[PDB]
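The block underneath contains the structure these notes are about, expressed in structure tokens.
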Ligand SMILES: [Zn+2]
């Protein structure tokens, strides 16, 4: 019935779909305030009451839908700037086991905004693309150290992103399950 | 030494380049590029739904420009040649050349829906209708800046022999009325720094020898100006000449100082655009040249706050490396109460004379009154905790709602001040009698 | 003295920055090679030329001298992307320059990069060359070490710690080696 | 919701299960196409190129004429079934 | 009916309004394949409409024969239709099966304007205009740059008066207007403007200008330079202004992997300079062959002699231009100033547009169009075979369309690899034609017929045939000062037993003033109307025809006997 590759996990398309439901801040280039939108899964007042160059908050999928045309501009999140990413890299280097406290959707949102909204950043984009890479590489080192503690009981993780978890899910759970089977078989 | 020059609202010099911005406002901006012996002009809008961006070629080398949501006005300061362009096609554009004395030049131009205005270095004022029919000529101080919003017009004038001054008028189609005529202006001058510092920003002062960075009407028609000291000034109570007064409402330097963690990031500059209620629209410019370039960077938004703080005291209170400095709650509450008071008064004056535009601004005024009493209650509670009954009682007079006075009674009980509970209840009874009357 | 550091800095910044569209192709290749314990990098000439033609000019003029500098630059990047020990990495090249027929090679081509083709007709057995090597001083019994690299060396004679005219011998018990092979092209 | 390799019990089994699927797909819950696509909707409008000459055809949104190697700019929610059938490509 | 430059905007508005409904595909584009300007024009339009969310279909078309077929089958709800790159020369209301009474919705009582259920728009650079389309029609709507009201006074007058007139005075007036119209008609065929250029003006009007649209403007324009030099030269200054206007500030900054630039710098009339080698660039140049006679050894030795004097070692001149030494690359711009004069070859120097994106290296517009044309030519009883061939040629339209995208540079490189082989094969046929002296020098025109070849199939496509013709025309233009003549070129096919024939004009040298006109159109039409012969005329370019094996000689006999040449 359901496809074989969706029995236990989410595909990256579903991960993008999940991230798209979050709110985001925009500057509209038109006034809607005095037809009306009449949505059923969100607030409707914000879109009906827009005024040009007045900041407002909407779901990300509608924000990208507007930015496809001239009618909107997207404000970048404050963590997505050179100063903050510098500090997070320094945190990563300083604490060789803890993960730095980046938001749960950082990879997905960065790789959406760099494609759909390359024109709306303040920093030069060719530097952000480097610092995002540095963060992902350091985190991958820390992941490879952690896979030596798979065990029969449990594990704790902190600040690991959704896409990063979903990348690893079928390996961690499978090896952990077999260690559990081997151990309990000796008890019985 | 001073010398007269042309101006337009928030233009840029050419610098090293062959292009520049002529002017900016909330509606849009104008830019031009030089092509050997000719120029190309482009007009941009932020409301892309309501208007069309477009371009055309100028052979005459315009150096003056003025924009509104009806059209754009262009001028040449040496040749006296001018042109007005409606944003519609239906009313075709028209041109004229204005007489000038030897060495005389146009310093500024502006336009209402039906009036056209021109000023010169030799203090001559000339005016025409929307079809160039002349109306009147007048002789004044030399004009250095002009701005307009519907029928309300705001002017600035300067002379070696008469000082710095301003005028305010309303060109009503029913009748034309003056509210102020060349009355003295308290603005901060830049000349001392230009003469002493030799900062290599001299080109900006050549481009703008007055150093008046920009000026515009608020989103509710208040006259506003941004000084060479990088401070925002607003004229209050202009409807009442014995009460009219200039108010300093925001210092940009103080904001960057706090934002940088108390540091001197002089590499950062603020370029203002327009005032929307309580919030400044501006560009944050970084590097050598203190003004923006192409393609246009995105704007920013910033709130006004009253000047009350001190660097050394806040450093002492404060005492990750760039973290913005922490402030005493007393300063925060005090600043809020002052800001709430000023905002409420300005909004009240607007409503008293011009009413609501949208039907909800009274709710904002109610919120401001709530914030005002809330801030006063914190300051009052501090005075009570200090056991200063005299100061606490003086503060209690300034509270509005009996809800707040009841809270003040509870605060006095926590402070264990039955004398103040008594005197507050005397005040509450007196004000209840005044409410019953 | 400083030129050796500027050149290494330049090739180091090449690997860390070359994007074509959205993938840092040399950072990804260098990481993916280490995971399967392959210590090498396959650079392409056309990308080097596109990045900065001056670097390619230096490489084209003096290859015997400059290839070792680029190899040590690769090692310096390999540590950052994988450590919070590794040998020196091998540089490998691809090119589309005009082939020279084997019969036309002559005295004009000595110490130049050459691209050619033919048929392999013979292969030697493998043999051992030294890279890191340790030394004992016969008189004072002091000890030191040397680092060889295989581009066109002999044992030194500046004795240390008189100490004698030719006092150095090799400690094979604490030295490192690599494989080498010979081939014939027809 | 061809036959020669299936055993006859399996040949009737498949028919029975098809009846069951169309029974679920009908009645209540009909508004969601249970046999439709399982990939989340990414875009409203797409460009599709015409791969097979099926001529003129009808669909719930309207009529199409599939002139070989012509290209449409059209909403995906319409042409999803034709892409699955194989008359169209997304380019 | 027609609209001018002062109101192209309004037709665009009407189209938006007219084709509003999302329940149906209310907008259709018909585009001529085997035309580069048409292709770029169409691409521009599709982007425009994309932004506006107008559902639409694009159909490529080969010729008249297919035009009729495609028109026939159309749905009634199709409010708007576009003809891009064809049809301006012909009576469309006559050609199509039209009665206006079948398409009128509403008649505006006030204006007398008839609103039709289907509006037909025409974009075509060809002239003269068919009078019926301009003056006569109410459904047909043509876009004109001012050629109609500039030119057509006498003709407009004549048309209307002749129409209205339906004894001495009557006879005089009807003979007068018959004379006017007959003088206007039966002129030679000519191209006067760029399609994409006109589109760019509309984009300017609206406010849709950006580097992606300006580069398509340049590409479209540039395709004219080989055959219509005059046109190109007229247009060129505008392009410089635009390129200088839209290029950003802070110029000559350091590279980044994202940095895109468009800039004016030297370009050379050398065949694909920045690919292959410097030596091949000179050796296969269409101009150099006419200037130094490279079909024989006394020409080839001149080229060796030149490189020896220029101070470039001949074994380095043959290296791949990317890998050629940096010093020669930067000194080349001065070496040419000292040496081309001695070989009479100074015309090689000129200015052109170059584009680069990130780290992947430069390309000029002149090289780009050769890549696109190569992809059109070689990309991958009798009626069925003709149908299969004409269907294969349409797939190459999409093989070229998908190469206008920066995400697909892989396909563009393939196009360049094909371009080199095409020019090689062309050169290896040109030398055979000249050395065996197959050109027959008749008194009125020059005749050449290919009865056999190394592979004659390559000339079965019209564009390849025109490339060979443009080779021979440069050779004939420079070989003698005398006798600028028309030329006829033909090639046999063993499967059809038909000759594919093309009629070609002369032209004046690059460095040298009204334009000439191609008159083979009326001549081929008149012989076709007269003749017994089995022939075909269905191509958009009427200067190309087809005829069976046995009928070539009587057709050419009747042609040379005619006074129309
Ligand atoms: Zn020693």
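Chains as they are written, first to last, in the authors' numbering: chain D, 2 to 35, 48 to 201; chain H, 473 to 791, 810 to 927; chain 5, 21 to 104, 131 to 198, 205 to 213, 235 to 259; chain C, 105, 119 to 208; chain G, 1 to 166, 223 to 436, 461 to 592, 598 to 650.
Idealized CB from N, CA, C, for every residue including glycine.
Judged by DSSP secondary structure, residue 114 (chain G) falls within the beta strand (DSSP E) whose first and last residues are 114-116.
Residues of the region 490-507 of chain G with a Cβ closer than 9 Å to any Cβ of chain 5: none.
Within a 10 Å sphere around the beta-carbon of residue 555 (chain G) sit 16 or more other beta-carbons, which makes this residue buried.
Residue 345 (chain G) sits away from residue 366 (chain G), with the two beta carbons spaced by 7 Å or more. Judged by beta-carbon spacing, residue 155 (chain G) lies beyond the 7 Å limit of residue 256 (chain G), meaning their Cβ atoms are not closer than that value. Here the alpha carbons of residue 24 (chain G) and residue 81 (chain G) stand approximately 14 Å from one another. By the C-beta criterion, the region 539-557 of chain H is judged to be in contact with the region 495-513 of chain H, since at least 3 inter-stretch pairs fall below 8 Å.
Contact check for residue 179 (chain D) against residue 11 (chain D) passes: the beta carbons are separated by less than 7 Å. In this structure the region 412-428 of chain G touches the region 307-322 of chain G; the number of beta carbon pairs closer than 8 Å is three or more.
For residue 599 (chain H), there is no enclosing alpha helix (DSSP H); the residue is part of the beta strand (DSSP E) that begins and ends at 596-601.
Boundaries of the alpha helix (DSSP H) around residue 143 (chain D): 138-159. For residue 588 (chain G), the closest of 298 (chain G), 574 (chain G), 563 (chain G) by C-alpha to C-alpha distance is 563 (chain G). Here DSSP, grouped into helix, strand and coil, assigns residue 656 (chain H) to strand. Within the region 363-379 of chain G, those residues whose Cβ lies closer than 8 Å to any Cβ of chain 5 are, in chain order, 374, 375, 376, 378, 379. Annotation for residue 43 (chain G): 272, 481, 484 place their beta carbon closer than 8 Å to its own, counting only its chain and skipping 5 residues before and after. In this structure, residue 571 (chain G) lies away from residue 518 (chain G), with their beta-carbon atoms at least 7 Å apart. Taking 6 Å as the cut-off, the C-beta of residue 188 (chain 5) counts as close to a heavy atom of ligand 1. Taking the CA atoms as reference points, residue 245 (chain G) sits about 10 Å from residue 129 (chain G). For residue 638 (chain H), the number of other beta carbons within 10 angstroms of its own is at least 16, and it is reported as buried. When 50 (chain G), 353 (chain G), 376 (chain G), 585 (chain G) are compared, the shortest CA-CA separation from residue 335 (chain G) is found for 376 (chain G). Between residue 569 (chain H) and residue 553 (chain H), the gap from beta carbon to beta carbon is short of 7 Å. With a threshold of 16 other beta carbon atoms within 10 Å, residue 122 (chain G) meets it and is buried.
In the pairwise beta carbon analysis, the region 176-193 of chain C is classified as touching the region 463-483 of chain G: at least three pairs are separated by under 8 Å. Contacts with chain C (Cβ-Cβ distance below 9 Å) from the region 462-491 of chain G involve 471, 474, 475, 477, 478, 481, 482, listed in chain order. Of all residues in the region 183-207 of chain C, only 184, 185, 186, 187, 188, 189, 190, 191, 192 come within less than 8 Å of chain G when Cβ atoms are compared, listed by chain position. Counting only runs that start and end inside the region 724-767 of chain H, the alpha helix (DSSP H) elements of at least 4 residues fall at 724-731. Rounded to whole angstroms, residue 419 (chain G) and residue 743 (chain H) show a C-alpha spacing of 40 Å. Sorting 137 (chain 5), 39 (chain 5), 157 (chain 5) by C-alpha distance to the C-alpha of residue 90 (chain 5) places 137 (chain 5) at the top. Ranked by Cα distance from residue 84 (chain G), the first of 251 (chain G), 357 (chain G), 104 (chain G), 296 (chain G) is 251 (chain G).
For residue 171 (chain C), same chain residues with a beta-carbon under 7 Å away, outside a window of 5 residues either side, are 183, 204 in chain order. The beta carbon of residue 326 (chain G) sits closer than 6 Å to the beta carbons of 337, 341 from its chain, once the five residues preceding and following it are set aside; these are given in chain order. Residue 503 (chain G) is classed as buried because its beta carbon has at least 16 other beta carbons within 10 Å across all chains shown.
Shortest gap from the CB of residue 207 (chain 5) to any heavy atom of ligand 1: 6 Å or more. Under the 7 Å criterion on CB atoms, residue 412 (chain G) is classed as non-interfacial with respect to chain D.
For residue 527 (chain H), the enclosing beta strand (DSSP E) starts and ends at 526-530. Counting the other Cβ atoms within 10 Å of the Cβ of residue 235 (chain G) gives fewer than 16, which makes it exposed.
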